[PDB]
Amino acid sequence: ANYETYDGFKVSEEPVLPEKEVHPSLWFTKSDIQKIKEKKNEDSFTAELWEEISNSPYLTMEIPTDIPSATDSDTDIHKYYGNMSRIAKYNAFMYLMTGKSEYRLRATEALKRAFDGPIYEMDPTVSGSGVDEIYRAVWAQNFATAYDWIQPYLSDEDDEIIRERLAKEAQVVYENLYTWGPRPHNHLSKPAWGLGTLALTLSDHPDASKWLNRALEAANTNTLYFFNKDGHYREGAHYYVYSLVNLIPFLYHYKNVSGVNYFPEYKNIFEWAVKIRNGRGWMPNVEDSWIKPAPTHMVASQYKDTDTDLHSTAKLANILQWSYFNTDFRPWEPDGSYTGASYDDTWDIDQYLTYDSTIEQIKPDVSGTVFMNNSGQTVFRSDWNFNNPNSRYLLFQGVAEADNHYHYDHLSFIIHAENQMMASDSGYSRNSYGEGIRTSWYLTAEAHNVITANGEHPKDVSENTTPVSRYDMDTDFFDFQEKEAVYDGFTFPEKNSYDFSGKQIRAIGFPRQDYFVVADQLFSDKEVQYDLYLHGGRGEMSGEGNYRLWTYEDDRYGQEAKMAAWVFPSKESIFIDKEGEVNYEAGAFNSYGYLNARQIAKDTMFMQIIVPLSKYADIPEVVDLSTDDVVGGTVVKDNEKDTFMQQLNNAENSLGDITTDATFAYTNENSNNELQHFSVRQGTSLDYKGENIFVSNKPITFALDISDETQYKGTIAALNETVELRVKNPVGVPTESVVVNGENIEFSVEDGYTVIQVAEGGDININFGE
Ligand SMILES: C[As](C)(=O)[O-]
Ligand SMILES: [Ca+2]
Ligand SMILES: [Ca+2]
Ligand SMILES: [Mg+2]
Ligand SMILES: [Mn+2]
């Protein structure tokens, strides 16, 4: 794997240390303490956090007199260091909050025993080590924070003892970081952030500069390769949150101790979580991941002066605050832990210290749909409403593969709608990384909503290069994007030679922002077998021929609902019912029906119509009108007829009421059988019932609402060159102006068409008179 050629980010590696240690300083100074003691009374959230912290069993439990041996279970050794680190931090905190003598004595005894026992006899390169770098990252931050909080009350003797213990763990992490983490995944970044905290705690130690520098260098190798600049984390949502356990404390520590503020440079990793949230605030079960909440409330306070494309006026802080509190937390009841570190972490304390009760929750007010083309995730989203069954969400996954925690999911999608998880990613595993079923099923192409060619998954053209996106369009009535992947490209494990050369171009559309069309073009230099898989998540599958229905019940993930799907072309494909595991969280795996549609072909097409429905909704009437060169059909839903057409080439062809040379076309009628909305990919003409709607002198991609005879409105996808576009006016109606991107463009009217030269895409209004 090339760790240097992904478009990630990095920060300065210059170690910045204050002139003299101050304790406390990691989270707050001496002067802050009484405000932090009083913080419990601000709102119901601070009150709940205070009730949890002040009743922690770590305040009352016997400090264990039994030190484990190197030959005890990895579980017991892990829990020993976890428990001792938690005794230190909880007791140190409650001493600052209350002044109770017992809390200082307990914090002091735990710190004097920090990293006693067999830890330095053990080998963290042994898989499942009880002292793995991922756990001691949390232990280091827990013990360092306890020391920061108790240091002013220690005897000179106890200070020297406890410093020597913290300094030894810092030296051992510094010396072994790159041996323990020879690949720059979360096993490198987490203990790097731990080392950072230790260096900032012991800023007067002679080696603190060396420690902090290596910490920053090591963390940068992770943020350069596993993160995109746009904030996407390539190990998935679960290992993102796992990383945040050490990253979020380190960011505050470095700002608070040295004045180095990295919150601006890390901003995108938090905005990313809000961009990909489903209607209940869950990050997707993509790569080795479960559904996750994103703890954006713990950094909201740092973004009060940061602009976001998620709101016309509000700052990022208010959107980060909105996102966390508009999450369904029931999948983490009754315990409440979503960090992945529930033996080690002090999440209640860290929340109590980071949460800002003065930040108003403001729902994003922009278009739901977002294109993150640098990483390659797109979300089609009707609205930002929380737990509303009228919402529709589709994630379109097209991320360059990383060499850790990877699933074969190129050009796959998941749907969240009617308050239920529908079209599915199969998830991480049954329980864990090491299960055989993860390799034989969960990571495999067939476990995803993809098309394989002779069983080969769609993949990257080259290592660390995002699959190309095109024809991005966002309107009130129709959204669109296509993504391109190859069959004979780059993957993990590495495969250099193929018996053929081929590619998939997948277009997704969002008709009426109400349902989905998935339109595939497939090109190969040879006859191959194309297998299309459609997984309906945790639903009962019914249906025959090209039609499948998945029926959901009230479960841990959503409400009773159903998802109806049709596949074209009916007459050129066979439909195979299969069964596969779908899992959203550790331990909750079950088997459900999925569809395998199959063609043997060289160049061909598929189309899916996928409709979220409430429990008792009518099934739409869907008719396949596919022929030799043309794939598509009609959908009659809620008394309106939509038409979808795809072809491989720019040739004049017809399907239902559409005639076009476009490689994709969408039309929507009203109740009254009048054309209301249309879109084309690379058309020079469209007729509807034999009436010309538009012509152009060169291929153009756009979407237009013609429902308002005083103003046609839509968007034109990005343009390579100048196109002369001619749109038919309502009969007998003049044009008054044409606006593209807030600017008048020159127009003429010829034979009842508005004629414009367009040199750039964007939003278009054609304003008519009477
Ligand atoms: C699957 As075919 C190219 O025979 O329509
Ligand atoms: Ca993947
Ligand atoms: Ca839209
Ligand atoms: Mg390791
Ligand atoms: Mn997967």
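Criteria and cut-off values
Residues numbered from 1 in each chain as written, not as in the entry; some residues may be left out. Chains lettered and ligands numbered in written order. Heavy atoms only, no water. Near = heavy atom within 4 Å. Polar contact = N/O pair within 3.5 Å; in protein donor to acceptor, adjacent residues only side chain to side chain. Helix = DSSP H or I, 4+ residues; strand = E, 2+ residues; numbered from the N terminus. Nonpolar A, V, L, I, M, F, W, Y, C, P; charged D, E, K, R; others polar. Expected span 1.5 Å × (residues − 1). Buried < 20%, exposed > 50% of the residue type's maximum accessible area, 1.4 Å probe, protein only. Pairing = 2+ DSSP bridges. Axes fitted to C-alpha atoms, helices over the stretch in contact; angles between N-to-C directions. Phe/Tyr/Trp six-rings, centres within 6.5 Å; stacked < 30°, edge-to-face > 60°. Bend = angle between axes of the 7 residues up to and from the residue. Contact = heavy atoms within 4.5 Å. Domains from an automatic or database assignment. Buried area = accessible area lost by both parts, 1.4 Å probe. Salt bridge = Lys/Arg side-chain N within 4 Å of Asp/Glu carboxyl O. Donors = N, O, S within 2.8 Å, 3.2 Å for Na, K, Ca; no water.

Colleague: Outline the site of ligand 1, supporting the account with residue identities and numerical values.
Modeller: Taken together, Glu 572, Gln 599, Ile 600, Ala 601, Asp 603 and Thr 604 make up the full set of residues adjacent to ligand 1. Within the side chain of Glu 572, one N or O atom sits 3.4 Å away from an oxygen atom of ligand 1. When residues of the shell around ligand 1 are assigned to their parent elements, the largest contribution, 3 residues, is made by strand β16 (residues 590-601). Split into classes, the residues belonging to the shell around ligand 1 amount to 2 nonpolar, 2 polar and 2 charged.

Colleague: Could you give an account of helix α4 (residues 101-112), naming the residues involved and the relevant values?
Modeller: Taking 1.5 Å per residue as the helical rise, α4 with its 12 residues ought to reach 16 Å, and the 17 Å between its terminal C-alpha atoms agrees with that figure. Buried within α4 are the following residues: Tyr 103, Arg 106, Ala 107, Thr 108, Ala 110 and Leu 111.

Colleague: Provide a residue-level description of the sheet that holds strand β9 (residues 502-509), including the pertinent values.
Modeller: Strand order across the open sheet formed by 8 strands is β7-β8-β9-β10-β17-β14-β13-β12, with antiparallel pairing between neighbours. With one partner strand each, in any of the chains shown, β7 (469-473) and β12 (540-542) form the two edges of the open sheet. Each strand of the sheet is rotated relative to its neighbour by a mean of 15 degrees, with strand direction disregarded. Sheet topology places β12 next to strand β13 (residues 547-552); 3 bridges connect them, and they run antiparallel.

Colleague: Which residues make up the packing of aromatic side chains, and what values do they have?
Modeller: For the structure shown, the criterion picks out 54 aromatic pairs. With a centroid separation of 5.5 Å and an interplanar angle of 35 degrees, the aromatic rings of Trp 27 and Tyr 252 are classed as tilted. Taken together, the residues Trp 27 in the segment before α1 (33-38) and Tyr 252 in helix α9 (residues 237-258) connect sequence positions 225 residues apart. With respect to class, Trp 27 is no different from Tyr 252; both count as buried.

Colleague: Outline helix α6 (residues 156-180), supporting the account with residue identities and numerical values.
Modeller: With 25 residues, α6 extends 34 Å from end C-alpha to end C-alpha; this agrees with the ideal 36 Å at 1.5 Å per step. Bending of α6 peaks at approximately 40 degrees at the position of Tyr 174. Among the residues of α6, those classed as buried are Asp 158, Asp 159, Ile 162, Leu 166, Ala 167, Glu 169, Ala 170, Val 172, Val 173, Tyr 174, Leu 177 and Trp 180. On the buried face of α6, the contacting elements are α4, α5 (133-150), α7 (186-201) and α8 (208-225).

Colleague: Break down the domain arrangement of the protein for me, with residues and values.
Modeller: The assigned domain composition of the protein is domain 1 (1-365), domain 2 (366-617) and domain 3 (618-770). Computed from C-alpha coordinates alone, the two centres of domain 1 and domain 2 are separated by 35 Å. Between domain 1 and domain 2, the residue contacts involve 48 residues of the former and 52 residues of the latter. Roughly 4,200 Å² of surface becomes buried between domain 1 and domain 2 when both sides are summed, with 51% attributable to carbon and sulfur atoms. A salt bridge links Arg 183 to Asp 403; the shortest N-O distance between them is 3.5 Å. Joining domain 1 to domain 2, the criterion identifies 31 residue pairs in polar contact. Contributing elements (two or more residues each) for the side of domain 1 that touches domain 2: α9 and α10 (263-276). When residues in the side of domain 1 that touches domain 2 are grouped by element, the largest group, 4 residues, is from α10. Among the residues forming the side of domain 1 that touches domain 2, the class breakdown is 18 nonpolar, 15 polar and 15 charged.

Colleague: Now, about the environment of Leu 675: what can you tell me, with residues and values included?
Modeller: You can see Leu 675 is positioned in strand β24 (residues 675-688). For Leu 675 and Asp 705, which are 30 residues apart along the polypeptide, the C-alpha to C-alpha distance reads 9.2 Å. Setting aside anything within four residues of it in sequence, one finds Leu 675 in contact with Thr 667, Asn 668, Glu 669, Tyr 688, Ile 693 and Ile 706.

Colleague: A description of the coordination of the manganese ion (ligand 5) should follow, citing residues and the corresponding values.
Modeller: Around the manganese ion (ligand 5), the protein supplies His 407 (ND1), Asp 425 (OD) and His 448 (NE2) as donor atoms, at distances of 2.2 Å. Between the donor residues of the manganese ion (ligand 5), the gaps in sequence give the motif H-x17-D-x22-H. In this pair, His 407 is assigned in the loop between β3 (392-397) and β4 (412-417) and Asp 425 in the loop between β5 (420-421) and α13 (436-442), connecting sequence segments 18 residues apart. No difference in accessibility class separates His 407 from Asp 425, as the two residues are buried.

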